[PDB]
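All Cβ positions, even for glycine, are placed from backbone atoms using ideal geometry, and neighbour counts span all protein chains on display. Derivation of every value follows stated rules applied to the coordinates shown; laboratory data play no part.
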Protein chains: 2
Amino acid sequence: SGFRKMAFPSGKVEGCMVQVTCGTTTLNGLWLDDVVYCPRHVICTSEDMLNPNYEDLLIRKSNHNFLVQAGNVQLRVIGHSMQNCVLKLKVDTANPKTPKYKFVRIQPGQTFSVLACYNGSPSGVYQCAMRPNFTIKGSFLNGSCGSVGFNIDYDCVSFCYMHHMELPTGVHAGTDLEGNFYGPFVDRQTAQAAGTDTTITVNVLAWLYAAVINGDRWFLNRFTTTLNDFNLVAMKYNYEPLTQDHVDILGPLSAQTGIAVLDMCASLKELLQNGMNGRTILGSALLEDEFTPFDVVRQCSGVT
Amino acid sequence: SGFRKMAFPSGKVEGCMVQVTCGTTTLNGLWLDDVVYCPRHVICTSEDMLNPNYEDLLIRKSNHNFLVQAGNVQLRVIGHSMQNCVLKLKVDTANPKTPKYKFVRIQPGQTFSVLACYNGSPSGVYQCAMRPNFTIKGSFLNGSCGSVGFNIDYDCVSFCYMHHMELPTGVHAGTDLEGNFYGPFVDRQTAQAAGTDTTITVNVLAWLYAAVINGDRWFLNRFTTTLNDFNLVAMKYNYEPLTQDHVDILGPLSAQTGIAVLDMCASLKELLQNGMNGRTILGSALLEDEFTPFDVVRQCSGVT
Ligand SMILES: O=C(c1cncc2ccccc12)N1CCN(c2ccccc2)CC1
Ligand SMILES: O=C(c1cncc2ccccc12)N1CCN(c2ccccc2)CC1
């Protein structure tokens with residue numbers, strides 16, 4: 001028992017982190033096979049932050065201007081290209097530590113682990129969710145760009161995020177590994193609206209199921225509700241509308257606990273309307289939405 | 001900016017995880033140099049859980065009864081011995097992935113990362129604190145024994161915890177890497193009192209400093225207090241008494257924010273007496289105590 005915001009083991013990703021420098025700018029890159037992937041804003045200067053012409057900036061750069069270091073050893077760059085907001089630096093050596101991998105564009109509400117890095121060196125690992133508004137609530141400082149988010153399925157690393165920027169509001173934005181930003185964000189030092197962030201209802205319910213499995217049952221009530229009645233409450237509290245697809249995804253947790261999904265919805269409706277009354281659930285005083293139903297089953301089953 | 005419960009990158013520890021089986025019992029071991037460390041209760045059966053005589057049980061075991069597997073390959077056991085509550089299995093091969101390491105017995109209130117493992121395979125990584133009552137609030141299932149807690153200082157892994165058991169209350173207990181339990185716990189399937197768990201005051205203050213650094217300042221007030229006045233409040237709320245050593249440790253955070261430690265104490269006193277009033281601090285609705293002042297400086301400075 002016990003429920004923690006667990007991240008995937010980061011070893012397979014640590015073995016891919018390299019440092020990329022262009023001019024005076026240093027950030028992190030991801031070395032997979034003979035390619036190093038990094039945010040294209042590595043080619044920017046102080047005067048090229050508010051409105052960069054990446055195509056024009058990149059034209060002034062040659063292979064030897066991109067310094068890539070893996071640990072203490074220098075990688076030789078034999079090609080460079082821009083794919084959306086990422087640069088792909090072809091190096092003469094395939095990463096010997098390259099794990100089995102995939103590039104995936106995750107759905108909002110899905111979770112992933114982030115390996116925060118500085119100067120190509122890993123500093124820490126944490127679990128987070130892609131918010132419905134396509135931002136992440138990470139922990140990133142200057143130099144963390146190019147740090148990646150990923151999921152692990154047995155031996156395969158699915159890379160889903162590359163860190164590009166911090167919005168003036170302290171939230172984070174970035175791209176998939178094809179360089180396409182999640183959300184409406186652009187790699188420019190301008191004010192950008194993140195948008196209203198809703199609560200991932202299916203994740204809150206999954207966490208309530210985790211709470212029941214882990215002994216926390218005070219919030220369970222004698223009520224039930226309907227999807228339409230529940231959603232009237234969810235709308236009022238800026239919660240994502242729950243659909244039959246979400247109910248179906250909660251099926252295994254509903255079967256394990258013996259609590260019907262609409263019954264758990266009535267517990268959630270009462271918690272929203274009444275608050276926690278100074279009480280806690282899984283060591284938390286607010287409703288947690290950064291655990292998917294898959295994360296709950298995984299943590300409560302011991303998938304390695 | 002952003003503040004997350006960050007764990008150390010786990011790669012160096014993943015490379016040390018092995019599976020140990022004795023009879024019908026399988027758990028995890030830690031392979032460092034030519035020794036595999038594991039909980040001694042691996043030699044127990046169902047009838048040897050309530051009151052095991054480890055010395056007598058171990059006498060019926062020979063080297064070939066300990067099956068150690070590193071990935072898919074079998075390790076040859078050439079020696080075995082019991083040191084307190086851990087077994088040390090000497091194998092004929094030194095772990096080629098052995099990192100620079102230390103065995104340390106951590107102080108209550110200090111934090112560490114746990115790499116939860118099953119069958120010698122890592123499942124996840126999370127950060128936790130050694131509670132003042134010498135328990136940990138982990139996430140562990142059957143088969144997780146032998147999973148370890150550690151800290152990383154540049155390239156050196158300081159192992160501080162080995163998982164041994166779950167108390168009937170859902171909290172976790174275990175040993176340092178010399179096999180000495182943290183707290184009064186014994187490796188027996190009997191009811192064991194954990195003791196009153198207090199809140200790590202110096203950690204709550206460190207987290208309040210992290211909140212200020214990360215923009216959350218609503219809780220800051222126009223008041224100050226004294227160590228003795230603060231401790232009268234801390235006692236009432238089952239908080240550890242704050243000492244000058246704790247004030248001195250908060251010195252760098254006090255200097256970075258320009259907020260005197262006793263001024264932050266008055267903010268903490270008011271939060272304890274008045275509650276959060278439905279507000280949050282660093283995405284939390286309760287006062288967080290599992291970040292040390294060192295963790296706050298590290299996360300807010302980017303130590304790799
Ligand atoms: O290293 C960072 C950064 C990232 N994440 C969190 C942070 C927190 C505080 C300070 C800086 C950061 N930046 C910020 C984006 N930046 C950039 C440059 C050109 C075009 C678009 C973006 C490059 C430098
Ligand atoms: O694998 C575990 C375990 C550990 N952590 C969390 C758990 C949650 C649910 C179920 C089991 C566990 N045990 C529990 C202790 N156990 C043991 C045997 C002899 C003497 C002393 C301890 C060996 C088997």
Task: Principal-axis tilt of helix B:227-236 within chain B, Cα atoms, nearest 10 degrees - done: 60 degrees
TODO: With runs of 4+ DSSP H residues as the only contributors, calculate the mean residue ellipticity of chain B at 222 nm using -39,500 (n - 2.57) per run, divided by the residue total and rounded to the nearest 500.
DONE: -6000 deg cm²/dmol
Task: Shielding by partners, peptide B:122-133 (average Cβ within 10 angstrom, other chains) - done: 5
Task: Teacher prompt: A:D245 distances to equivalent labels in other copies, 7 Å Cα→Cβ, nm - done: 5.6
- [ ] For B:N228, go 7 angstrom from Cα along the Cα-to-Cβ vector, then report the distances to that same point in the other copies in nm, smallest first.
- [x] 6.8
Task: Residues of type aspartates and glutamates that A:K269 reaches as a straight line, Cα spacing below 20 Å, ignoring anything fewer than 8 places off in the same chain - done: A:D197, A:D216, A:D229, A:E240, A:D245, A:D248, A:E288, A:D289, A:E290
TODO: Give the order of B:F134, B:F223 when sorted by the count of other beta carbons within 10 angstrom, beginning with the fewest.
DONE: B:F223, B:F134
Task: Degrees between helix B:201-213 axis and first principal axis of chain B (Cα, 0 to 90, nearest 10) - done: 60 degrees
Open item on the list: Using a Debye calculation, one point per C-alpha and no hydration shell, please list log10 I(q)/I(0) for the protein assembly as shown at q = 0.12 Å⁻¹ in order.
Closed with: -1.34
- [ ] Would you calculate the separation in nanometres between label points at B:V73 and A:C156, each defined as 7 Å from the Cα along the Cα-to-beta-carbon direction?
- [x] 2.7 nm
Open item on the list: Using the Cα centre of the protein assembly as shown as the reference point, and only Cβ charges (+1 on K/R, -1 on D/E), how large is the resulting charge dipole? Debye, rounded to the nearest 20.
Closed with: 360 debye
- [ ] Report, as a whole number in µm² per second, the diffusion coefficient that Stokes-Einstein gives for chain B at 20 °C and 1.002 mPa s using the Kirkwood radius over alpha carbon pairs.
- [x] 103 µm²/s
Task: About the Cα centre, charge dipole magnitude for chain A (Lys/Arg +1, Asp/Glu -1 at Cβ), debye - done: 400 debye
Open item on the list: Within region B:264-279, name every residue whose backbone N is under 18 Å away from a label modeled 7 Å from Cα of A:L141 along the Cβ vector.
Closed with: none
Open item on the list: Between B:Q110 and B:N221, how high is the FRET efficiency from 1/(1 + (r/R0)^6) when r is the Cβ-Cβ distance and R₀ = 22 Å? Nearest 0.05.
Closed with: 0.15
Task: Label distances, nm, A:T190 versus same residue in remaining copies, Cβ-directed 7 Å point - done: 7.1
Task: Rounded to the nearest 20 debye, dipole of region B:15-99 from Cβ charges on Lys, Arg, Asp, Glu - done: 180 debye
Task: Per principal axis, descending, Cα span of region B:15-99 in whole Å - done: 38, 21, 20
